[PDB]
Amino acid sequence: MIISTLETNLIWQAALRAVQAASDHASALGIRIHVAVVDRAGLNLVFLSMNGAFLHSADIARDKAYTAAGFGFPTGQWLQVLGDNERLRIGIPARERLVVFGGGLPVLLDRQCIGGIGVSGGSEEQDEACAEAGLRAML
């Protein structure tokens, strides 16, 4: 019988290109960041920490990547997704490693999520811009 399925997954060479571009963008902005790239299962591919970035931002970047890979949409959209539902507004942000502020983006290929990128250390807008620079460098 059939026991397997073929799944698309992000490769480490592309993650490496992405963290190079995200850190270069941070340098161009005058900021210091952490940037994490994870695969489809949420497992590390490349995690880069610039000297002098905020200490807490290490885990935030990892969690942003994990959240974006795990759900397939940008972390900054979470509150919009939760809407007026108080059960979700209380419950979802309380989950371990789930980030609801901006800076995590899914890695989409053929509209299929194959990984995630997360940036922390700047403003939400700066984080997303560095993450987008990483996505563009993957291509």
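From 1 onward, residues are counted along the sequence shown.
Stretch with the greater mean C-alpha B-factor as recorded in the entry, comparing 59-67 against 27-35: If you average the C-alpha B-factors of 59-67 and of 27-35, the larger mean comes out for 27-35.
Between 102-110 and 42-50 (mean CA B-factor, as deposited), the higher: Stretch with the higher mean C-alpha B-factor: 102-110.
CA B-factor placement of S120, once the chain's modelled residues are sorted into thirds: Lowest third, going by the recorded CA B-factors of the chain.
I92, C-alpha B-factor rank within chain (lowest, middle or highest third): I92: CA B-factor falls in the lowest third of its chain.
Chain third (lowest, middle, highest) by recorded CA B-factor, residue given as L10: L10: CA B-factor falls in the middle third of its chain.
For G83, the third of its chain into which the C-alpha B factor falls: Highest third.
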